[PDB]
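Source file data-v7.cif; content: mmCIF, C-alpha atoms and all ligand atoms.
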```
data_input
loop_
_atom_site.label_atom_id
_atom_site.label_comp_id
_atom_site.auth_asym_id
_atom_site.auth_seq_id
_atom_site.Cartn_x
_atom_site.Cartn_y
_atom_site.Cartn_z
CA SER A 78 3.23 -17.44 -21.62
CA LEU A 79 2.73 -16.51 -17.97
CA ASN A 80 -0.84 -16.14 -16.67
CA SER A 81 -0.74 -13.40 -14.08
CA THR A 82 -4.45 -13.89 -13.25
CA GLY A 83 -4.01 -17.63 -12.72
CA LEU A 84 -0.91 -16.97 -10.61
CA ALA A 85 -2.52 -14.22 -8.54
CA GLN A 86 -5.37 -16.64 -7.77
CA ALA A 87 -2.95 -19.42 -6.74
CA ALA A 88 -1.09 -16.92 -4.56
CA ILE A 89 -4.35 -15.83 -2.88
CA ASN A 90 -5.30 -19.48 -2.34
CA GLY A 91 -1.90 -20.07 -0.75
CA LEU A 92 -2.42 -16.99 1.38
CA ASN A 93 -5.77 -18.36 2.48
CA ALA A 94 -4.62 -21.93 3.09
CA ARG A 95 -1.68 -21.04 5.35
CA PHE A 96 -2.78 -17.75 6.94
CA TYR A 97 -6.52 -17.05 6.91
CA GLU A 98 -8.27 -17.42 10.31
CA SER A 99 -12.01 -18.08 9.74
CA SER A 100 -12.78 -17.79 13.46
CA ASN A 101 -11.28 -14.26 13.38
CA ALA A 102 -12.07 -13.01 9.83
CA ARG A 103 -8.45 -11.96 9.51
CA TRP A 104 -5.14 -13.27 8.18
CA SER A 105 -2.46 -14.20 10.72
CA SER A 106 -3.35 -12.60 14.07
CA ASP A 107 0.38 -13.14 14.82
CA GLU A 108 1.29 -10.59 12.10
CA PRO A 109 0.57 -6.85 12.19
CA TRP A 110 -3.08 -5.87 11.71
CA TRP A 111 -2.28 -3.27 9.05
CA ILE A 112 -0.99 -6.09 6.84
CA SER A 113 -4.41 -7.77 6.95
CA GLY A 114 -5.52 -4.45 5.45
CA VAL A 115 -2.90 -4.67 2.75
CA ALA A 116 -3.87 -8.30 2.06
CA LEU A 117 -7.51 -7.21 1.72
CA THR A 118 -6.42 -4.55 -0.77
CA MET A 119 -4.56 -7.20 -2.82
CA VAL A 120 -7.53 -9.54 -2.88
CA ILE A 121 -9.91 -6.68 -3.74
CA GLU A 122 -7.59 -5.51 -6.55
CA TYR A 123 -7.33 -9.04 -7.92
CA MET A 124 -11.10 -9.07 -8.28
CA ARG A 125 -11.23 -5.63 -9.86
CA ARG A 126 -8.57 -6.28 -12.48
CA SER A 127 -9.59 -9.85 -13.27
CA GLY A 128 -13.36 -9.36 -13.13
CA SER A 129 -13.66 -12.24 -10.68
CA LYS A 130 -15.93 -12.28 -7.59
CA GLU A 131 -14.45 -15.49 -6.10
CA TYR A 132 -13.34 -13.96 -2.76
CA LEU A 133 -16.18 -11.39 -2.28
CA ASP A 134 -17.88 -13.26 0.55
CA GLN A 135 -14.57 -13.61 2.41
CA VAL A 136 -13.71 -9.96 1.85
CA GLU A 137 -17.08 -8.86 3.22
CA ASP A 138 -16.57 -11.11 6.24
CA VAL A 139 -13.20 -9.52 7.00
CA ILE A 140 -14.61 -6.03 6.65
CA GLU A 141 -17.61 -6.75 8.91
CA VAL A 142 -15.38 -8.05 11.77
CA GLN A 143 -12.36 -5.76 11.35
CA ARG A 144 -14.49 -2.60 11.21
CA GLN A 145 -15.57 -3.22 14.82
CA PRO A 146 -14.08 -1.06 17.59
CA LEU A 147 -10.54 -2.29 18.07
CA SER A 148 -9.78 -4.00 21.35
CA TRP A 149 -6.44 -2.10 21.51
CA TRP A 150 -7.95 1.29 20.52
CA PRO A 151 -11.64 1.46 21.50
CA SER A 152 -11.70 5.29 21.57
CA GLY A 153 -11.37 5.16 17.78
CA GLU A 154 -14.95 3.71 17.68
CA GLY A 155 -14.03 1.19 14.96
CA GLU A 156 -14.55 1.84 11.26
CA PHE A 157 -10.74 1.14 11.20
CA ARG A 158 -9.93 4.25 13.28
CA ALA A 159 -6.80 2.91 15.05
CA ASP A 160 -3.99 4.06 17.35
CA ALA A 161 -1.79 5.07 14.37
CA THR A 162 -2.77 7.22 11.39
CA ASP A 163 -1.02 4.94 8.89
CA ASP A 164 -2.74 1.75 10.21
CA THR A 165 -6.04 3.61 9.58
CA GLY A 166 -4.93 4.77 6.17
CA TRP A 167 -4.17 1.27 4.86
CA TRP A 168 -7.70 0.10 5.61
CA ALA A 169 -9.20 3.38 4.37
CA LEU A 170 -7.61 2.89 0.97
CA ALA A 171 -8.73 -0.73 0.93
CA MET A 172 -12.28 0.64 1.38
CA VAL A 173 -11.72 3.02 -1.52
CA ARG A 174 -10.91 -0.04 -3.66
CA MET A 175 -13.90 -1.90 -2.23
CA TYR A 176 -16.08 1.02 -3.31
CA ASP A 177 -14.50 0.89 -6.78
CA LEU A 178 -15.18 -2.83 -6.97
CA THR A 179 -18.79 -2.78 -5.73
CA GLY A 180 -20.26 0.68 -6.01
CA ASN A 181 -21.55 0.21 -2.41
CA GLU A 182 -21.61 3.61 -0.74
CA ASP A 183 -21.08 1.92 2.66
CA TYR A 184 -17.35 1.47 1.84
CA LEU A 185 -16.97 5.02 0.61
CA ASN A 186 -18.51 6.31 3.88
CA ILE A 187 -15.91 4.37 5.88
CA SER A 188 -13.17 6.04 3.80
CA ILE A 189 -14.71 9.43 4.60
CA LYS A 190 -14.79 8.70 8.36
CA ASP A 191 -11.14 7.58 8.11
CA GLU A 192 -10.09 10.80 6.35
CA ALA A 193 -11.73 12.93 9.04
CA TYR A 194 -10.17 10.86 11.81
CA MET A 195 -6.65 11.03 10.30
CA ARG A 196 -6.91 14.79 9.72
CA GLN A 197 -7.29 15.27 13.46
CA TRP A 198 -3.50 14.73 13.62
CA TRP A 199 -2.51 17.16 10.92
CA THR A 200 -0.78 20.23 12.39
CA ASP A 201 0.55 23.41 10.73
CA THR A 202 2.46 24.33 13.85
CA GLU A 203 5.28 21.81 13.29
CA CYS A 204 6.98 21.21 9.92
CA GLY A 205 4.54 23.64 8.33
CA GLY A 206 2.03 20.77 7.86
CA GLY A 207 1.62 17.00 7.62
CA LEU A 208 0.29 14.48 10.08
CA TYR A 209 1.81 12.59 12.96
CA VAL A 210 1.83 8.80 12.75
CA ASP A 211 1.86 8.07 16.47
CA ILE A 212 -1.45 9.36 17.83
CA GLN A 213 -0.69 8.83 21.50
CA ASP A 214 2.70 10.45 21.26
CA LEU A 215 2.94 12.98 18.40
CA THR A 216 6.68 12.80 17.85
CA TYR A 217 7.05 11.56 14.24
CA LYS A 218 5.76 12.90 10.94
CA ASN A 219 6.88 10.19 8.50
CA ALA A 220 6.50 9.57 4.78
CA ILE A 221 4.07 6.63 4.80
CA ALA A 222 1.31 8.15 6.95
CA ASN A 223 1.45 11.29 4.85
CA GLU A 224 1.49 9.39 1.56
CA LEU A 225 -1.55 7.31 2.69
CA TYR A 226 -3.36 10.45 3.75
CA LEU A 227 -2.53 12.17 0.48
CA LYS A 228 -3.66 9.21 -1.61
CA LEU A 229 -6.89 9.07 0.52
CA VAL A 230 -7.90 12.73 0.10
CA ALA A 231 -6.92 12.60 -3.60
CA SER A 232 -9.12 9.46 -4.01
CA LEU A 233 -12.06 11.12 -2.26
CA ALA A 234 -11.65 14.10 -4.61
CA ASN A 235 -12.62 11.72 -7.44
CA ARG A 236 -15.42 9.92 -5.56
CA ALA A 237 -17.01 11.77 -2.60
CA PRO A 238 -19.91 14.24 -2.56
CA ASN A 239 -17.94 17.20 -1.08
CA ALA A 240 -15.33 16.54 -3.74
CA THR A 241 -13.94 20.09 -3.70
CA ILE A 242 -12.90 20.16 -0.01
CA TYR A 243 -10.94 16.92 -0.63
CA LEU A 244 -9.25 18.22 -3.73
CA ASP A 245 -8.15 21.36 -1.85
CA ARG A 246 -6.76 19.17 0.95
CA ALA A 247 -4.99 16.97 -1.57
CA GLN A 248 -3.36 19.85 -3.39
CA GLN A 249 -2.28 21.40 -0.08
CA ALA A 250 -0.98 18.08 1.18
CA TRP A 251 1.02 17.47 -1.99
CA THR A 252 2.47 20.97 -1.78
CA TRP A 253 3.50 20.28 1.80
CA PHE A 254 4.98 16.87 0.97
CA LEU A 255 7.00 18.25 -1.95
CA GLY A 256 8.23 21.06 0.20
CA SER A 257 9.04 18.90 3.23
CA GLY A 258 12.46 17.72 1.93
CA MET A 259 11.45 14.08 2.31
CA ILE A 260 11.89 13.71 -1.50
CA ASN A 261 15.69 13.75 -1.76
CA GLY A 262 18.19 14.71 -4.38
CA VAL A 263 17.77 11.57 -6.53
CA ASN A 264 13.90 11.86 -6.27
CA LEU A 265 13.55 9.05 -3.74
CA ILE A 266 11.70 9.36 -0.44
CA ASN A 267 13.42 8.87 2.90
CA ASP A 268 11.57 7.58 5.89
CA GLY A 269 10.45 10.77 7.58
CA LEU A 270 11.19 14.12 9.14
CA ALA A 271 13.45 15.05 12.06
CA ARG A 272 12.88 18.26 14.05
CA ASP A 273 15.64 20.69 14.96
CA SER A 274 16.39 20.78 18.68
CA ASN A 275 16.89 24.55 18.85
CA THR A 276 14.79 25.97 16.04
CA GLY A 277 11.83 23.66 15.45
CA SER A 278 12.46 23.49 11.73
CA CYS A 279 12.08 19.99 10.18
CA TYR A 280 14.38 18.18 7.74
CA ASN A 281 14.74 14.83 5.94
CA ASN A 282 15.90 12.37 8.63
CA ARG A 283 17.93 10.29 6.09
CA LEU A 284 16.47 7.02 7.39
CA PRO A 285 16.17 4.34 4.70
CA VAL A 286 14.47 4.52 1.31
CA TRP A 287 11.75 1.84 1.59
CA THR A 288 10.01 0.64 -1.53
CA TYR A 289 6.40 1.28 -0.29
CA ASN A 290 7.35 4.95 0.32
CA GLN A 291 8.17 5.18 -3.41
CA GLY A 292 4.86 3.55 -4.25
CA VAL A 293 1.88 4.91 -2.28
CA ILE A 294 2.92 8.41 -3.44
CA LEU A 295 2.54 7.29 -7.07
CA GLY A 296 -1.09 6.24 -6.53
CA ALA A 297 -1.69 9.60 -4.85
CA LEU A 298 -0.29 11.56 -7.79
CA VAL A 299 -2.29 9.38 -10.20
CA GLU A 300 -5.47 10.33 -8.32
CA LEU A 301 -4.48 14.03 -8.35
CA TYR A 302 -4.01 13.73 -12.10
CA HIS A 303 -7.48 12.19 -12.45
CA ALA A 304 -9.07 14.95 -10.33
CA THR A 305 -7.31 17.80 -12.18
CA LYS A 306 -6.20 16.38 -15.58
CA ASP A 307 -2.95 18.27 -14.87
CA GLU A 308 -0.21 16.04 -16.28
CA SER A 309 2.38 17.67 -13.97
CA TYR A 310 1.22 15.17 -11.38
CA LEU A 311 2.12 12.25 -13.62
CA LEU A 312 5.44 13.85 -14.44
CA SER A 313 6.41 14.00 -10.75
CA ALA A 314 5.21 10.43 -10.24
CA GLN A 315 7.23 9.26 -13.21
CA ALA A 316 10.39 10.83 -11.80
CA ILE A 317 10.02 8.89 -8.54
CA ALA A 318 9.26 5.63 -10.34
CA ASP A 319 12.12 6.24 -12.76
CA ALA A 320 14.51 6.61 -9.82
CA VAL A 321 13.35 3.30 -8.34
CA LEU A 322 13.93 1.56 -11.69
CA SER A 323 17.44 2.93 -12.02
CA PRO A 324 20.10 0.42 -10.81
CA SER A 325 22.29 3.33 -9.70
CA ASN A 326 19.91 3.90 -6.74
CA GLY A 327 20.20 0.28 -5.64
CA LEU A 328 16.49 -0.43 -5.30
CA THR A 329 16.74 -2.38 -8.59
CA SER A 330 19.36 -5.13 -8.93
CA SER A 331 21.72 -5.64 -11.85
CA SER A 332 19.31 -8.37 -12.96
CA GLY A 333 16.58 -5.75 -12.80
CA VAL A 334 14.69 -7.12 -9.78
CA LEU A 335 13.12 -4.89 -7.11
CA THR A 336 15.08 -5.45 -3.89
CA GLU A 337 14.36 -4.18 -0.40
CA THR A 338 17.38 -2.61 1.26
CA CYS A 339 17.13 -5.17 4.09
CA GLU A 340 17.23 -8.28 1.91
CA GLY A 341 21.04 -8.30 1.69
CA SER A 342 21.48 -8.63 5.47
CA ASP A 343 18.52 -11.06 5.59
CA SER A 344 16.96 -8.66 8.14
CA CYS A 345 13.59 -7.79 6.57
CA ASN A 346 11.11 -7.68 9.48
CA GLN A 347 7.34 -8.38 9.44
CA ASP A 348 6.60 -4.87 8.16
CA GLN A 349 9.36 -4.61 5.54
CA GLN A 350 8.38 -8.01 4.16
CA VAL A 351 5.21 -6.55 2.59
CA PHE A 352 6.69 -3.35 1.11
CA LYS A 353 7.58 -4.48 -2.44
CA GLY A 354 4.07 -5.57 -3.54
CA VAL A 355 2.64 -2.26 -2.37
CA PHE A 356 5.09 -0.49 -4.68
CA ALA A 357 4.26 -2.87 -7.54
CA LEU A 358 0.53 -2.32 -7.28
CA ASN A 359 0.98 1.43 -7.28
CA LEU A 360 3.48 1.25 -10.18
CA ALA A 361 0.80 -0.54 -12.23
CA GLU A 362 -1.63 2.28 -11.42
CA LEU A 363 0.93 4.81 -12.67
CA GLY A 364 1.58 2.84 -15.85
CA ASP A 365 -2.15 2.59 -16.59
CA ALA A 366 -2.47 6.36 -16.05
CA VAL A 367 0.53 7.19 -18.27
CA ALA A 368 -0.59 4.87 -21.06
CA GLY A 369 -4.07 6.40 -20.88
CA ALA A 370 -2.94 10.04 -20.91
CA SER A 371 -1.26 9.72 -24.30
CA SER A 372 -1.54 8.28 -27.79
CA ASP A 373 1.97 6.80 -27.91
CA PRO A 374 1.66 2.97 -27.88
CA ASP A 375 5.00 2.67 -26.03
CA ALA A 376 3.65 4.87 -23.21
CA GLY A 377 4.26 3.24 -19.86
CA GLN A 378 6.18 0.34 -21.42
CA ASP A 379 9.08 0.52 -19.02
CA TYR A 380 6.74 0.27 -16.06
CA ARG A 381 4.91 -2.60 -17.71
CA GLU A 382 8.22 -4.25 -18.67
CA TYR A 383 9.63 -3.77 -15.16
CA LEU A 384 6.59 -5.44 -13.56
CA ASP A 385 6.86 -8.31 -16.06
CA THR A 386 10.59 -8.74 -15.37
CA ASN A 387 9.90 -8.88 -11.64
CA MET A 388 6.96 -11.26 -12.02
CA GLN A 389 9.13 -13.64 -14.01
CA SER A 390 11.98 -13.61 -11.50
CA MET A 391 9.59 -14.14 -8.57
CA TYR A 392 7.72 -16.93 -10.39
CA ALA A 393 11.00 -18.66 -11.23
CA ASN A 394 13.15 -18.20 -8.09
CA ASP A 395 10.89 -17.44 -5.10
CA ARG A 396 7.89 -19.76 -5.39
CA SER A 397 6.92 -22.92 -3.50
CA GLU A 398 3.76 -24.99 -3.98
CA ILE A 399 1.69 -26.29 -1.06
CA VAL A 400 1.69 -30.08 -0.70
CA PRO A 401 -1.84 -31.34 -1.22
CA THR A 402 -2.89 -34.24 0.99
CA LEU A 403 -5.53 -36.92 0.99
CA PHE A 404 -7.53 -34.68 3.39
CA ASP A 405 -6.70 -31.04 2.57
CA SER A 406 -7.17 -30.61 -1.19
CA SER A 407 -6.09 -26.93 -0.88
CA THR A 408 -3.75 -25.85 -3.67
CA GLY A 409 -1.85 -22.64 -4.32
CA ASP A 410 1.55 -20.95 -4.26
CA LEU A 411 3.76 -19.69 -1.41
CA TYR A 412 6.44 -16.97 -1.60
CA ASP A 413 9.45 -15.69 0.33
CA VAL A 414 10.70 -12.12 0.64
CA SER A 415 13.31 -11.87 -2.10
CA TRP A 416 11.90 -11.71 -5.58
CA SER A 417 15.18 -13.16 -6.75
CA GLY A 418 16.82 -14.90 -3.76
CA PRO A 419 15.63 -18.41 -2.99
CA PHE A 420 12.45 -19.64 -1.35
CA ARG A 421 13.09 -20.51 2.30
CA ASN A 422 9.80 -19.89 4.04
CA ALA A 423 6.56 -18.05 3.46
CA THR A 424 5.00 -15.58 5.86
CA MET A 425 1.75 -13.68 5.47
CA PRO A 426 3.41 -10.29 4.69
CA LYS A 427 5.73 -12.03 2.18
CA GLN A 428 2.66 -13.69 0.61
CA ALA A 429 0.67 -10.46 0.42
CA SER A 430 3.61 -8.75 -1.29
CA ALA A 431 3.75 -11.59 -3.84
CA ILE A 432 0.01 -11.26 -4.63
CA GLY A 433 0.52 -7.53 -5.21
CA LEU A 434 3.10 -8.25 -7.90
CA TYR A 435 0.92 -10.72 -9.81
CA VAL A 436 -2.08 -8.38 -9.48
CA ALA A 437 0.03 -5.51 -10.87
CA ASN A 438 0.52 -7.64 -14.03
CA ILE A 439 -3.21 -8.36 -14.58
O1 LIG B 501 9.91 -0.67 8.51
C1 LIG B 501 10.19 0.72 8.40
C2 LIG B 501 8.93 1.49 8.81
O2 LIG B 501 8.75 1.29 10.22
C3 LIG B 501 7.44 2.00 10.39
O3 LIG B 501 6.58 1.35 11.34
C4 LIG B 501 6.32 0.20 10.55
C5 LIG B 501 4.87 0.00 10.11
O4 LIG B 501 4.04 0.48 11.14
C6 LIG B 501 2.59 0.15 10.82
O5 LIG B 501 1.92 0.36 11.97
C7 LIG B 501 2.14 1.01 9.62
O6 LIG B 501 0.75 0.82 9.26
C8 LIG B 501 3.04 0.63 8.46
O7 LIG B 501 2.78 1.42 7.30
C9 LIG B 501 4.53 0.76 8.84
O8 LIG B 501 5.32 0.14 7.85
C10 LIG B 501 7.93 3.42 10.66
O9 LIG B 501 7.13 4.15 11.58
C11 LIG B 501 7.91 3.87 9.21
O10 LIG B 501 8.07 5.27 9.04
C12 LIG B 501 8.92 2.99 8.42
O11 LIG B 501 8.75 3.08 7.00
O1 LIG B 502 -0.60 -1.34 18.37
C1 LIG B 502 -0.51 -2.07 17.15
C2 LIG B 502 -1.51 -3.21 17.09
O2 LIG B 502 -1.07 -4.06 16.01
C3 LIG B 502 -1.95 -5.17 15.73
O3 LIG B 502 -1.30 -5.93 14.75
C4 LIG B 502 -2.21 -6.04 16.97
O4 LIG B 502 -3.27 -6.98 16.71
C5 LIG B 502 -2.58 -5.19 18.19
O5 LIG B 502 -2.59 -6.02 19.36
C6 LIG B 502 -1.58 -4.06 18.37
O6 LIG B 502 -1.93 -3.28 19.51
#
```

How would this structure read if it were set down as structure tokens?
Amino acid sequence: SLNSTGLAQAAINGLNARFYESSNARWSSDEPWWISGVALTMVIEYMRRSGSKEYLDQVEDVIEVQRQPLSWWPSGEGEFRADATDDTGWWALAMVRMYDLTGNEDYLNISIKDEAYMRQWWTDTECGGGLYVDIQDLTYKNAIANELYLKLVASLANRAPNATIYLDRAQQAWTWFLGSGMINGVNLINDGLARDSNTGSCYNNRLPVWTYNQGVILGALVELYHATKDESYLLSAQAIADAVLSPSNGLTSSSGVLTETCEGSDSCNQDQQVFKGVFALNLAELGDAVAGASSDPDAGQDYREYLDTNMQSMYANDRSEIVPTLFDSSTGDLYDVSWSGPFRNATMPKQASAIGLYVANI
């Protein structure tokens, strides 16, 4: 009897009431900029899946301000071209969703500029491929920047005029990712690559398995499927999702709730706080793709059931309602980091993650 649209809307209102800065057309300037990008993605997705337009004016306002040349990276010349390739990739994908919502070629063009900017930091001379995250420094090829890039080129393969150059890039980038060793022996993705001191060969650095690194890659494989109709892409995506769902890998609790590795120690930082909702949103994309690619009515049920199970735990154990006043009539819902542990405080990354989960159930 849960309304995921109603709850997503209350979570976005809570996000806006506590964290939106009208003077800055941004959420929480005291929180990383890339998470304003994620929040924009969540709000855009809400509107797409629910058919609402309630936050369109706000979303356009954020885009018009945040696409300006960044005060901390003016050489990027704005259009979300930032000092890290993953920061750029979050906003680029948000503009892909904006394009899907509106049909306005302006947003697609931004996505195209972002792809060309990110590709500047692809090299074949280290690790056989992939891009660096850290543009000034060029020391780390990690999972998330390369998953964002892959999902971006795969998305442009379905939407842009030179579709064939993008689909080549996407197939080459997926081949590189799969061969990098970052997907480990239980089909989960570790944080990035290390480089051998003597030989220059790269290997899985065995840093943690973060939920958003099991999630952006699913959206990328879903887009590769759509560009090629080759179900092998869904089969790979399903193996990664199936490993997240399996309690033996510890991302999923014995009560079946998605759990960041840092929750136990109560050490989830501003970044890690947003990871879960990113995985959720991408898992919903995979489920929709699997259910569509087949005639079996049970197709994608476990993904759908998983998302429901998480929604209901978050709803029940991790929610807090804003206190309306005689002056501020604002109403909505506030969320903490653990989708099962108790509510202690809300932050903007925790809130954006929460919206992602409700939007994945619309
Ligand atoms: O929290 C682990 C995470 O740390 C990453 O840096 C965090 C954060 O950096 C932003 O600038 C970027 O847009 C985010 O996607 C990223 O989470 C580190 O470099 C990652 O490899 C790692 O997963
Ligand atoms: O370098 C990363 C950038 O992150 C953003 O969240 C901040 O607004 C910038 O001041 C900072 O330079």

Please give the centre and size of the box around ligand LIG 501 (chain B) (axis-aligned, containing every atom listed in the file, 4 Å added per side), with values in Å to one decimal and written as AutoDock Vina command-line options.
```
--center_x 5.5 --center_y 2.3 --center_z 9.5 --size_x 17.4 --size_y 13.9 --size_z 13.0
```

Using only C-alpha atoms and all ligand atoms, what table do you get, as CSV, when you list each residue of chain A with an atom no more than 12 Å from ligand LIG 502 (chain B), its nearest pair of atoms, and their distance in Å rounded to one decimal, rows by chain then rising number?
```
residue,atom,partner,partner_atom,distance
A:101,CA,B:LIG502,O4,11.3
A:103,CA,B:LIG502,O4,10.2
A:104,CA,B:LIG502,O3,10.6
A:105,CA,B:LIG502,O3,9.3
A:106,CA,B:LIG502,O4,6.2
A:107,CA,B:LIG502,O3,7.4
A:108,CA,B:LIG502,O3,6.0
A:109,CA,B:LIG502,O3,3.3
A:110,CA,B:LIG502,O3,3.5
A:111,CA,B:LIG502,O3,6.4
A:112,CA,B:LIG502,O3,7.9
A:113,CA,B:LIG502,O3,8.6
A:114,CA,B:LIG502,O3,10.3
A:143,CA,B:LIG502,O4,10.6
A:147,CA,B:LIG502,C5,8.5
A:148,CA,B:LIG502,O5,7.7
A:149,CA,B:LIG502,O6,5.1
A:150,CA,B:LIG502,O6,7.6
A:151,CA,B:LIG502,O6,11.0
A:157,CA,B:LIG502,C3,11.7
A:158,CA,B:LIG502,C2,11.9
A:159,CA,B:LIG502,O1,8.2
A:160,CA,B:LIG502,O1,6.5
A:161,CA,B:LIG502,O1,7.6
A:162,CA,B:LIG502,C1,11.2
A:163,CA,B:LIG502,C1,10.8
A:164,CA,B:LIG502,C1,8.2
A:165,CA,B:LIG502,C1,11.0
A:210,CA,B:LIG502,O1,11.8
A:211,CA,B:LIG502,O1,9.9
A:212,CA,B:LIG502,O1,10.7
A:213,CA,B:LIG502,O1,10.6
A:347,CA,B:LIG502,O3,10.4
A:348,CA,B:LIG502,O3,10.3
A:426,CA,B:LIG502,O3,11.9
```

Mind checking which residues fall within 7 Å of residue 395 of chain A, counting only C-alpha atoms, ignoring those fewer than 5 positions away in the same chain, and posting them as a tab-separated table (two decimals) with C-alpha atoms, in the coordinates of the input?
```tsv
chain	number	residue	atom	x	y	z
A	412	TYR	CA	6.44	-16.97	-1.60
A	413	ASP	CA	9.45	-15.69	0.33
A	415	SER	CA	13.31	-11.87	-2.10
A	416	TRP	CA	11.90	-11.71	-5.58
A	417	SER	CA	15.18	-13.16	-6.75
A	418	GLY	CA	16.82	-14.90	-3.76
A	419	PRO	CA	15.63	-18.41	-2.99
A	420	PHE	CA	12.45	-19.64	-1.35
```

> Using only C-alpha atoms and all ligand atoms, which of A:247, A:317, A:299, A:225 sits nearest ligand LIG 501 (chain B)?
Replying inline: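 Nearest to ligand LIG 501 (chain B): A:225.
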
> Mind pulling up the distance from atom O4 of ligand LIG 501 (chain B) to atom CA of residue 202 of chain A?
Replying inline: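 Distance reported for this atom pair: 24.1 Å.
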
Could segment 157-172 of chain A be completed with N, CA and C atoms and returned as an mmCIF file, keeping the file's coordinate frame?
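Now in selection.cif:
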```
data_model
loop_
_atom_site.group_PDB
_atom_site.id
_atom_site.type_symbol
_atom_site.label_atom_id
_atom_site.label_comp_id
_atom_site.auth_asym_id
_atom_site.auth_seq_id
_atom_site.Cartn_x
_atom_site.Cartn_y
_atom_site.Cartn_z
ATOM 1 N N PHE A 157 -12.201 1.241 11.466
ATOM 2 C CA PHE A 157 -10.740 1.140 11.200
ATOM 3 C C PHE A 157 -9.976 2.318 11.762
ATOM 4 N N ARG A 158 -10.607 3.133 12.628
ATOM 5 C CA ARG A 158 -9.930 4.250 13.280
ATOM 6 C C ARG A 158 -9.040 3.700 14.394
ATOM 7 N N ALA A 159 -7.691 3.713 14.197
ATOM 8 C CA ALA A 159 -6.800 2.910 15.050
ATOM 9 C C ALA A 159 -5.860 3.823 15.859
ATOM 10 N N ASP A 160 -4.875 3.228 16.535
ATOM 11 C CA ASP A 160 -3.990 4.060 17.350
ATOM 12 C C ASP A 160 -2.819 4.619 16.522
ATOM 13 N N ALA A 161 -2.802 4.439 15.197
ATOM 14 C CA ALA A 161 -1.790 5.070 14.370
ATOM 15 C C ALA A 161 -2.480 5.557 13.099
ATOM 16 N N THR A 162 -2.059 6.726 12.565
ATOM 17 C CA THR A 162 -2.770 7.220 11.390
ATOM 18 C C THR A 162 -2.454 6.379 10.170
ATOM 19 N N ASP A 163 -1.240 5.793 10.065
ATOM 20 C CA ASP A 163 -1.020 4.940 8.890
ATOM 21 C C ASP A 163 -1.804 3.626 8.970
ATOM 22 N N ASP A 164 -1.851 2.932 10.120
ATOM 23 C CA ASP A 164 -2.740 1.750 10.210
ATOM 24 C C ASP A 164 -4.148 2.088 9.652
ATOM 25 N N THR A 165 -4.682 3.238 10.037
ATOM 26 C CA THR A 165 -6.040 3.610 9.580
ATOM 27 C C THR A 165 -6.036 3.821 8.076
ATOM 28 N N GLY A 166 -4.948 4.404 7.565
ATOM 29 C CA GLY A 166 -4.930 4.770 6.170
ATOM 30 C C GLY A 166 -4.868 3.574 5.249
ATOM 31 N N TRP A 167 -4.185 2.499 5.672
ATOM 32 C CA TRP A 167 -4.170 1.270 4.860
ATOM 33 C C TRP A 167 -5.596 0.730 4.669
ATOM 34 N N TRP A 168 -6.319 0.597 5.755
ATOM 35 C CA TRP A 168 -7.700 0.100 5.610
ATOM 36 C C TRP A 168 -8.597 1.097 4.857
ATOM 37 N N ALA A 169 -8.400 2.391 5.083
ATOM 38 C CA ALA A 169 -9.200 3.380 4.370
ATOM 39 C C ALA A 169 -9.040 3.240 2.857
ATOM 40 N N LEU A 170 -7.818 3.037 2.390
ATOM 41 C CA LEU A 170 -7.610 2.890 0.970
ATOM 42 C C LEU A 170 -8.172 1.572 0.478
ATOM 43 N N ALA A 171 -8.080 0.515 1.290
ATOM 44 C CA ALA A 171 -8.730 -0.730 0.930
ATOM 45 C C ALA A 171 -10.229 -0.494 0.730
ATOM 46 N N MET A 172 -10.815 0.383 1.541
ATOM 47 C CA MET A 172 -12.280 0.640 1.380
ATOM 48 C C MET A 172 -12.550 1.485 0.148
#
```
